[PDB]
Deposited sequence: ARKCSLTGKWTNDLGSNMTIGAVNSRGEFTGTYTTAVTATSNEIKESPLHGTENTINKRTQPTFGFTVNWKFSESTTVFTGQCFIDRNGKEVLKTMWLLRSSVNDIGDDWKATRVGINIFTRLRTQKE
C-alpha cells in the first residue's frame, strides 16, 4: 500500500512532511521550499492501494495559493512515488487581470 504519511522531496528541491491521515481521509502537514502549512484529503472510496488525493498550500510568505493533486503510486522498481500536478493562483487587483493569475505545472515526490 502507498501511504501519503511521511516525508517527501521532489525534483525541484522542495521538501514536504505529511501527518497521519484519519478515517475521513483528512491530513495536514508542512511544505518546505528554498515553511507553509498544507491541508489535504485522500480519496477513501474503494480503499485502494494507490490513492488519489489533493491538498492546498496556504503560502505564508505571499498571498498566492497552490493546489496539488495526483496519485500515490508503487513504482515498477517497487518504490513509492507521488505524481502530481498543481495550479498556482496568484492574486490580482482587478477582475480583469484574472485571465493571467493561474500557472500550471508538475511535481514528482519520492520519500526522504
Quiz item: Where does the model have holes with respect to the deposited sequence?
Solution: 1-2, 37-45, 124-128
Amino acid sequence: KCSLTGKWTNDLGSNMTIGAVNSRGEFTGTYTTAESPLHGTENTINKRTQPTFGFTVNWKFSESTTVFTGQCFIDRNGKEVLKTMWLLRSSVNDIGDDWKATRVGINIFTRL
From here on, numbers count along this sequence of modelled residues.
Practice problem: Please work out which of 21-29 and 100-108 has the higher mean CA B-factor as recorded in the PDB entry. | Solution: 21-29
Quiz item: If you average the CA temperature factors over each stretch, which comes out higher, 81-89 or 56-64?
Solution: 56-64
Exercise. Would you mind checking where the Cα B-factor of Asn43 ranks among the modelled residues of its chain, as the lowest, middle or highest third?
Key: middle
